[PDB]
Amino acid sequence: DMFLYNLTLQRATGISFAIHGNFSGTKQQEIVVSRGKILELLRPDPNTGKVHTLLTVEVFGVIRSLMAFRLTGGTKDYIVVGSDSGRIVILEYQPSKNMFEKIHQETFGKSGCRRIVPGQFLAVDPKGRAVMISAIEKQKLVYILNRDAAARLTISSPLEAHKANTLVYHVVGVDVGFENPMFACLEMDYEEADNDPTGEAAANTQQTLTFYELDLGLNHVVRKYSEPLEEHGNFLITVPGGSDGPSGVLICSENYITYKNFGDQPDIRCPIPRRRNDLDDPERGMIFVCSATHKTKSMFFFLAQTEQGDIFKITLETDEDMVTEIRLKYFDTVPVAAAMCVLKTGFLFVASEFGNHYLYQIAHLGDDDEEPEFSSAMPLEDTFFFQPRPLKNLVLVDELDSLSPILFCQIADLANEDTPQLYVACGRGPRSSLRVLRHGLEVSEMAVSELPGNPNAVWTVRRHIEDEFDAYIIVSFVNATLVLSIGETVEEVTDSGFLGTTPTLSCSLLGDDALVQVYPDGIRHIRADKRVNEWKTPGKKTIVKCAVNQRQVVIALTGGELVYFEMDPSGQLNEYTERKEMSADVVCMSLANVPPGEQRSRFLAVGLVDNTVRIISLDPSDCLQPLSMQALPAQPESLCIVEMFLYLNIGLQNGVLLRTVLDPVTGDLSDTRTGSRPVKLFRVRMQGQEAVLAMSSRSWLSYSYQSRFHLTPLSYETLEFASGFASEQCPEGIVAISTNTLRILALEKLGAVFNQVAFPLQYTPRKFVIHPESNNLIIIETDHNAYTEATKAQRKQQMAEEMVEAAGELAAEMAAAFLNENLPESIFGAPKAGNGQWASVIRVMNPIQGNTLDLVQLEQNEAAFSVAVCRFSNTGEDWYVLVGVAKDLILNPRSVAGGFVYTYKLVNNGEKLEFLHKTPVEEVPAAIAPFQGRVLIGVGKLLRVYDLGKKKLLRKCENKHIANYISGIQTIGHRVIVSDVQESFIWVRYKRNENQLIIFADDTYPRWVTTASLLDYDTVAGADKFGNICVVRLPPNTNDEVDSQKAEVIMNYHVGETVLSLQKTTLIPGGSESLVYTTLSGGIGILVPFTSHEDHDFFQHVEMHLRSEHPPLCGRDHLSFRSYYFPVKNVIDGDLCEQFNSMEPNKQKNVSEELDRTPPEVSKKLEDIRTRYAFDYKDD
Amino acid sequence: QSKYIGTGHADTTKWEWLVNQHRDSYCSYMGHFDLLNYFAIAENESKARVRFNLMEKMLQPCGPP
């Protein structure tokens, strides 16, 4: 038996919908976004300009439409949600409870994203009196919205607006001044097209803009108006009517925009302006992808973005009650957005269709400048032209990191740390990237300055005790120490500091204004009044270790000889009249800070080569006297006494760290392994309290939170030293030095999440492999409708040559500006052209830094879809890089001219690719796998065993009984698992005697596989194009000699987001194996096995209870949702279970008492799963 | 059942069946977000243009009978 448990770690980051309004019922405007399966409420701050996520809720359904409305005289906006349920839901956000309250939910149809069941389209009357939900075809429903005496919104019965054999491109409510509600929509009748064997009825069948009217007095809906359009349009825009502007709709169409208000209003059209000298194929059209609308009591305007990301400001001139002209004007350029929101106080929210999201501030409305303003009345026949310029009307204020779309992922420990990182190949075209993910605390790099030599230490010292900010940063190297004054320019200083040439063991502010340096050859004291008191080391000895304080200085000399200095209130230091020797040498010391009231701290921790730590009193009553010793499992590396009670932290030579309680004696303790690196301990200031920073393979932070400790690692690389920092530039940060680098960092965010570092790419990545020796990455980046750099260059040059042909002699100057400037493709989009064109690039990149080691630009129409790095049995230990490529791939309709397989030498330990040979093949090979000293390559439906030759790759075996097409292949040591594009997995054995691939098993169900992974020698876990995940297992007693084995399915589960990477791995050291998956919406999830049947029954009953006491927000049935395509088999939805903490307390009491438990017990048992398989940073 | 679009009978041609499942498929592409994402990634086109082509395909997904 294998029962699983699903959990989400990083929720989906891509945005499918976005609306704005006063959802909190205040003057503040919020933004409700739909990430597909998750509804989210965000609040952009008009002060700091950051977007904060107020609420995030899993709806357990497919959100297909999102609208907000407001009743007359209302002060708060509701939320209408069209889902994959057969229900419409109206929700209201509650700030006092921070939850969406389901105000209404009315049922009308069946579940699923059906063809004739409404839910796909949603348009509301701009006065809030009625809402219309409609399907893609035929069925359309309208509900009447009216509040009662208690001011609570009430819904009516559905009014039918069906029209058989009619397709709906888009629905939009028309702003009429409190007249009968009007819903305009684009329709297309296919009844004639379905009855004409010539196909002529298919053509000349143009879409009709139709106006539906809701007769409020007669309580029925009638197809009031209908007129055919000139060319097909993609979406509509509500033109504000009534008192503000003229009523009507803006129909967006390929290369045109048409205001077509009905009545005596004449159709007004304007062509879509095109950029000057488009590198795109002129045969391709141009449409708008989205539109925002801003309505003011004074004016109004629109913002319409093109496929290239061109935002235009559309204004309408009006006379009497009719419109005169459509005035477009080039506003700016942002990435291609799925939705835009224009908020008051000047802010534009751009939710990109892929990649990171953006929040800009509107500096200028777009006018008052000297840019050309186009009008519909301008005659031309030819379109308008404009010059794409950098951002001059907007300013980037915030950027939300979104991982969508995640195409490949490898969870491995490529860095020096212990916890594995998530190396994620993800992005969209030119904005693609390889991002490294570490789950910890976000680190804001305030500054980075490289240091010569190898620095080993660093401190930060104030100039006065009353100074709110520090004054000096000291860095100790091998033979020298350096002082920096953190003024306005953080420049190197020499005179104010004195110190010396020799390495420094400590730098502290001893007096109110006196500085003290401890170096191996002695102690230097620097008074504020520049008088230096120098203390030489007695005899030939040197100072091994030290421990400073606000009024105490203890040093440990060779042979373990302690020397104690205490400052008198007059200011000088006085050495004690006795020096104590230890049982062995001293390796580390710590001395607690003095309380504000007292004049000296009592306890002194001293670590010995005895592998023991000892507490020594410093009060004059028992000065330098043993108080309590303690043995340790290894030699200590650092000590740190800290308050919150008193705790002694001990970091050993191995990676173990210990927290102990002490007062007159040492008490009990708890320990944990951090190992791989010796643990160092530093004092840091966090949230106005004292926290401890322990450094090993990772930098962990231990801090108390409401008498409850936390030990959270930093999402950052290895560090070597650190000390607390505080300046006006960074009020509360940390100065840390790593190998040959000095860094000023800050820990602003307190919550632990998946933090990233992004390495930009050029094209959309398909796959990357791990080089075992070099630990580097070989990534293939392939994109459709693209030019390669060479081809782009030839078309730009050729376009200059065509450009000179005009009689004119400014053509050479225009060609100077044009050729000189290659616009950045990351922001202004990448030139796209050709239905058969492609662009593929092989890249060798180091995962430690962002540097690309090698670059291989492929030919024009070559498209790589597979890659691998392996050795060959016939050759030596030389690494080879095979890359599967396709020649002249045309999709829709699928037709391929050829395919290739490049072979590379990968010399200089994985740093450069040397061309070997290029073996051609008939069909595209989208699968390459190392297999028993040779390489399995899947060309088309043919799985072939390939060996290396000096001229070409020799075909050693072939199997052509595969159904459709090979998408991927993975092999255990003996067997071969192949992923058919449509017909699930197949099980093949390779007979070594005859080189024969015998198919010995397949699946009973068809599965549109996307990726998979071998859980063991018998079972395989696979993903689905439709967002499902399954585990299929062979019969237990089987051998590869038998044939036609039906593989039984032991797990089915609909995730709801398309999965593209499954990987069995351990997330943290000491935890258990989990099945981590990534998704196409930028989300990271895990599947977790149960350890006993008792837990299975427990979480299962939790699931059943919450399915009824906490039903999905958008009317969907949870059990049906997870059984979207296949019934659920042995999976418990942990995302639903963790909503136990969000229910009402009475429901928690009922569900808990039904399990004979208490709510806190249920919550802890839910946290146990994350503690065992994910990230838990609680420290008792 | 006759009033439910997509339902079939004994005298239902293969063209009617596959145009029914073709239109159903295109509508499902419109619905499920990540499916439209996969398609918009394969062919380097924005989501809006992919949905537009999927709507133009609704007139005659296969061909005349």
# chains A, B, ... in the order shown; residues from 1 in each chain; ligands from 1
$ closest_atom_pairs --of "chain A" --to "chain B" --cutoff "6 Å" --atoms "only C-alpha atoms" --output "Markdown table"
| residue | atom | partner | partner_atom | distance |
| --- | --- | --- | --- | --- |
| A:113 | CA | B:31 | CA | 5.2 |
| A:115 | CA | B:27 | CA | 5.5 |
| A:190 | CA | B:59 | CA | 5.8 |
| A:197 | CA | B:64 | CA | 4.6 |
| A:199 | CA | B:64 | CA | 5.5 |
| A:289 | CA | B:48 | CA | 5.4 |
| A:784 | CA | B:44 | CA | 5.1 |
| A:785 | CA | B:44 | CA | 5.8 |
| A:1058 | CA | B:34 | CA | 5.7 |
$ select_by_dssp --residues "region 449-559 of chain A" --states "strand (DSSP E or B)" --output "NGL selection string"
:A and (449 or 457-461 or 472-476 or 481-485 or 491-492 or 506-509 or 515-519 or 522-526 or 532-536 or 543-548 or 552-557)
$ atom_distance --atom1 "CA of residue 394 (chain A)" --atom2 "CA of residue 334 (chain A)"
9.7 Å
$ atom_distance --atom1 "CA of residue 814 (chain A)" --atom2 "CA of residue 788 (chain A)"
24.1 Å
$ select_by_dssp --residues "chain B" --states "alpha helix (DSSP H)" --output "PyMOL selection string"
chain B and resi 14-31+33-42+47-56
$ atom_distance --atom1 "CA of residue 495 (chain A)" --atom2 "CA of residue 533 (chain A)"
16.6 Å
$ residues_around --residues "residue 980 (chain A)" --least-positions-apart "3" --cutoff "8 Å" --atoms "only C-alpha atoms" --output "number ranges by chain"
A: 962-968, 983-986, 1008-1009
$ closest_residue --among "A:22, A:154, A:253, A:134" --to "residue 105 (chain A)" --atoms "only C-alpha atoms"
A:154
$ residues_around --residues "residue 454 (chain A)" --least-positions-apart "3" --cutoff "9 Å" --atoms "only C-alpha atoms" --output "PyMOL selection string"
chain A and resi 451+476-478+738-741
$ closest_residue --among "A:50, A:1165, A:905, A:170" --to "residue 1102 (chain A)" --atoms "only C-alpha atoms"
A:1165
$ closest_residue --among "A:268, A:648, A:777, A:1080" --to "residue 39 (chain B)" --atoms "only C-alpha atoms"
A:1080
